[PDB]
Every structure is written in structure tokens, then in C-alpha cells.
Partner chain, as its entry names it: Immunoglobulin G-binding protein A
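Below sits a lone chain in C-alpha cells, taken as the form solved without the partner chain.
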């Protein structure tokens, strides 16, 4: 896919270096349009950074901090849309990219830690925010840059905070450069001006000729003067055309505005017009893919299986909110207070964060650590939207066995804009999530678990959706001792897929099941009870079916399907005792029914309307 989603962490430290690097690689491998932000921090020396060569547009902001690599290749980047800004003031931040200036005495011929020189030969557009560059003890040429060309005319916030201190005598701009404002020493690094050398009123142009004026809806530079020739569409890119709005998906007559479907209708995703919304987003009637349905609109399962927001006539159902969704918005975790709202919550909206305080208490709030026998709230849960944070579990529980019916987790809300799961600070040994069969979006982290196996065996690929998803191993209990001790699946578990020890958890198994365990075989003729097979399930025969091995005892659930009743026949049913018959529909038992010689639960020939005390030897009420 050419569209990815960027992280959201600002200045927070990495969870792990050897995990952070792979996270960056998986998020930006082949991506061309970066929805969300773009963050590069604490990059070690000799960083690859090759995956960044093909990024062309950033929809959030660009952040670079605390780096020791001497060059970050971002040539093909063209436009930064500044939807959400860093510190609400900046869209391109580059700071602290050098040595801490403490000791770190370089050896002879050693390049000091710090970005040597910015190299961005195509970045010629910023639609909002400013520039923040400071504390770079090895940066060169940052001052000889005409930043008002890069900024957009609508971007009145042309505020730049630029620093010039350096510890190295920078080489002068090469003579081939014009205006002496060069990104670097090489001849091709001279800045290209597209806003100070254009015609009268031309926002962008190819060069200093009045016929070089761009179309009114391009972004930065143009190959031609037609809206299909923009280097980047300013507002919307419909099928290789730069337009102001995606075409409407409903046609209205000018007299009644009655809705008629329009085949050329397009939904809006970012700055693009898509015929059908992506997998995880929700299509609303107003024509935009989103994540949370508007008010009085509820998720409905579609015929083609998709999910879409539909209007409620009656009040919409009592959706059981989680955390951070509607009114438990800033609530961090689940105490013993909010947990009571989670009774009978088959579907939950929003996250479920679990800080250690939940199982370590808070004296100020008078909240004890939540009981390991307080988790019965989460038993009938079947769907969660958003992430599921975990940083505390009871020792009495050897795993996360609580969620036995959670089927779907969708990454509509990711922890840092990247993570849909997390398993850090835990002491658990496995998961036991036997029903989780879909993981909508976002990387799943399982971090700092010293007692945890069953991460090299879980079926990953069958849960993910996009190629951008990945799972990251860090500080996990070693797989070598996991295998040596034997914390893997068992034979019935198909393809070696499982979640924890014991034959209970298998995503699939060859043979049948009796409710929660993959079985070796059903019990049709041989077995303590008698079971018939149905969808590879061993449903137990009715008790009244006389167990007759060598013959099919029962042909289904009800009593009628017994081969031959053990005790008596009340046709068409098998009974242990031929029950006393009844005259009316409204309950009344005059007996009036006795078993026959072969068990045919015959009615009593005698009739006693007065309820004769005398009783026949067969049990019938004998007439007085």
C-alpha cells in the first residue's frame, strides 16, 4: 500500500532500541503518503534510513531529535500538510541533533556525532506551522536557506527559530549554486526557488517565465500547466487529477432533493478520493471514511460483511463504553469503581488500559488493587474497538485467561499511534485468548515479559490485515528454554498454532470437539456417553436412548431419534417412565396413562371424571 499511518510519540523515549528501529522500518517500508505524523528520534549511528527515500507527502508533521547519524535522506519529500503541529507551533522540527557536548572526546579522524548537513532537494512546500532548528553542533548551511519560499502563502505562521552555532568550518557553497543558498556542497544541492521568481500572483511556477505559472490547485512545482500535471494536489487527488472536492455520491433533483445513487460517487480518505473505504474505516452517509460513528448513528453489519454507520429510528442501543471513548475520556485505568459499568458488556467501545496501579492501588483515591476475582465483568465481551493496554496482572492468574470470548480487536485507537497491544511489566506465562481471530490495524507489542512463552507459535499472519502490520519481540522469555521445557502446542493443534499450554487452546484441530476441548474422536457406539457428530462436534445422545453399541443409538438431540427406547415409548418419544396423561391443555393429571407390554405408553381405557379413589392395578383410576 502507498498509504501508511505515522507514529505519535513526540519526545517519549523508545520502548527498546532494537525494537524502535524495526518499528520505523515496518511503518515506512515503501510508503509514499504518510497519514498522521512522522517522527525520528534517538537514531543510533550508522542508521540505515534507506526506507525513507520514496516518501513524498507528509500529512502531519516532521520531527527529528537526538540523532547521531550524519545524514538523513529525505530527497523525494515534497509537501508537509501540517494537519497537527508539534507544540502547536511547528511542522518541521529538527533539534538536539548532535553530541551532548559532555566529554565525548573524538579520536583522530572521527566524525563527531551530529547531523553534518541537511539534504532536502525537493521539499518546497509547508502548508501550516513553522520551522524549529537549534542545538546542532555539526550542522552546516542551515542559515543559507530562503524559508519564505518553502512556506505557503496561506501559512501566516511563518515563524522560524533557527540557530547557527557550529564547531566545524563549513565549506562554502559550490560555485555552481545560484544565490549562494545551498543545501549542501554537491552541485545538485542548490535550492530551487518556486515562490520568489514566479509571475505576478503565481503561487508556484517552473521558472522565471510568465508561461511557467502553475495551475491554481497544485502544491509545489509543475511539469505542465494542467491540473493533471501537478507534482502534488493541493486539496484532493481524484484518479490522477487535482480537484477541490470528491464527487458527491448522491444526486438530488432541484425540486425535491430526492436521493438517487450516483455511480461515480467517491468517499474522502485523507487528501484522496477512494471509490470504497479501506478495510478498517467506517463509511458514513455524509460520504467520508471515519473511525467513530456520529451521534444517533450506530455500527451495523452489512450484507457484504462490512461495517457501516446507520441511522437509529428508536434510541440507539446501550453501547457499553470502555475508556477514553466518550465520558471516561481522560480516565487512565479501570479501578473497582468503573469496572461495575462493565457488567453484561458483550461489545465494548474504546480501549482498556491497565496501569500497575490497578493491581497496586492508590492511597489517595482509596482504591485497593483490583481483585483477581474481580474480573468476571469481562466474560461475555466479544468485540473491542481500540487498543488493549496491559501492564499489571495478578500472580494467581498464570496468564490472560480472562478474555475467552473476545473475538475482534480493531486498531481504531492505537496506544502511541502505532501499537494496538502491549505486554510489558507482566509475569504471565501464556495468553489463552482462544477466540481472538482478528486484529484490525497496528503493530502488536509484547514487551518485557520474563516468564512468557507462546510468541513464536501464535498464528500471526492469519490475524493481520495489511502488509504494514508487524509484531515485535523484545525482552521476551527465551524461546530456547521455552522449547526445552516444552511450552508449545500439542498434536491436535493444527499447524503448530496455539496460544498457551494444554489442548484447550487451538485455533483449529483436525478432529471434533465437545465444547472447549479438541477431542480424539466422538462417542457414537463406543464411549461412556453416546454422541452423534455434527459440524465436527460430539453432541450427547438423549438419556432415554438405550445405548446400543453396534447400532446407531441416536440420530440427533431430541428423544424421537433414539434407535430403541431403553424404558418406554410414549410415541413419538422415549421416556423412562410412561407419564400420567392429562385431559386438558390447562394442567390437570388424572393419571390415565400406563405403559403397555412393549413400552407403548398407552392411555388408560378407564375413565373417572369424578377422580375415583379406586386405582386399577395398572395405575388407572378404577371406577367406583
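Positions refer to the first chain, counted from 1.
This protein has a second form, the form deposited with the partner chain bound, left out of what is shown; the following refers to that one.
- A single residue from the set 338, 298, 429, 367 has any heavy atom within 4.5 angstroms of the partner chain in the deposited complex; that residue is 429.
- A single residue from the set 487, 436, 333, 524 has any heavy atom within 4.5 angstroms of the partner chain in the deposited complex; that residue is 487.
- Judged against the partner chain in the deposited complex with a 4.5 angstroms heavy atom cut-off, the residues 379, 397 and 501 are in contact without exception.
- Although the partner is absent from this view, residue 402 contacts the partner chain in the deposited complex, with a non-hydrogen atom inside 4.5 angstroms.
- Within 4.5 Å of any heavy atom of the partner chain in the deposited complex lies no heavy atom of residue 264.
- In the deposited complex, the partner chain sits within 4.5 Å of a heavy atom of residue 372.
- Interface residue remark: residue 223 is not counted as part of the site for the partner chain in the deposited complex, having no heavy atom within 4.5 Å.
- Of the candidate stretches 344-352, 544-552, 463-471, 514-522, only 514-522 has residues whose heavy atoms lie within 4.5 Å of the partner chain in the deposited complex.
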